[PDB]
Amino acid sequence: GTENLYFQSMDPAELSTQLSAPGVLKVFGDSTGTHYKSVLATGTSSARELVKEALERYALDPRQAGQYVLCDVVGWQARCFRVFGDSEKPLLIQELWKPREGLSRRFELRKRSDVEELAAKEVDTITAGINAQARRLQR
């Protein structure tokens, strides 16, 4: 519905398999573990559908699916990540885009509220850093 992946100049056959071919996605947690649960997908599976499958498979309750989020995490120590929008197609993004040379990739299930608290956290590490720089200078 808010889909932002598009294929161009393609043929029905290569495009139908691209979207109908099955795949497994290894879905990790925050890093509560180094252990992953394999999640079944196709090129049509949305991030929201795949969050639901992931929670079901973690033995958590899919009712709270809407309060979790799938993340494309580059890192093994995590360094940066991107939150999938609900309508995105993670199986296809997996195929087509990859970590910069040196880094490696993990899809992680994560609670929204843990994501926003991580934004707040990085605003504070920037801001602290600026108030540190400032104090050094004026004294």
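Residue numbers here begin at 1 and follow the sequence given.
Where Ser31 is followed by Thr32 in the displayed chain, the model omits 1 to 3 of the deposited residues that sit between the two. Unmodelled stretch separating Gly85 from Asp86: none (count of deposited-sequence residues without coordinates).
Note on 20 to 28 vs 125 to 133: mean CA B-factor is higher in 125 to 133. Looking at mean Cα B-factors across 106 to 114 and 62 to 70, the upper value is held by 62 to 70.
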